[PDB]
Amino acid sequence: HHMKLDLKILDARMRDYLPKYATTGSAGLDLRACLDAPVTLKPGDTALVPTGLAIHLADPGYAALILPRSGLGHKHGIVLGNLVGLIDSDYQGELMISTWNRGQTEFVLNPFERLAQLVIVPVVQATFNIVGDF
């Protein structure tokens, strides 16, 4: 499916770096580091990296998952400190990336570097029914 997704550009430099689907078959949008200067990430360290963007999914039938990038993660050990992020339909603040160096090699994160992937999935809100036995 498609969905109209409201996007606020919090940092004007990101007008030139908006997330884009690579192909019509792509599942994810790439989120980039909105940084004034490169950030060095030592092995084991975590940085909170702004994206310069906010979204409003709005429809409670959907959420977004934020995932590491395959190359950064596999090749450089640059992943997410919370592993996978969950963006609620009513979350309207800046998207921030918990960036964790899970490997053994110091890495320099560049301004505007693609850092994570955003995937929009349907979700269900359960209504619990307490039972003694299933």
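The first residue of the sequence shown is number 1, and the count goes up from there.
Mean CA temperature factor is higher for 7 to 15 when stretches 116 to 124 and 7 to 15 are set side by side in the entry.
Averaged over their C-alpha atoms, the temperature factors of 78 to 86 and 101 to 109 are higher for 101 to 109. Of the candidates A64, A27, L48, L35, the one whose C-alpha carries the top B factor in the deposited record is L35. Placement of the Cα temperature factor of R69 within the chain: lowest third of the modelled residues, per the deposited record. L31 sits in the lowest third of its chain by CA B factor, as recorded in the PDB entry. Among the modelled residues of its chain, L95 has a C-alpha B-factor that falls in the lowest third, as given in the PDB entry.
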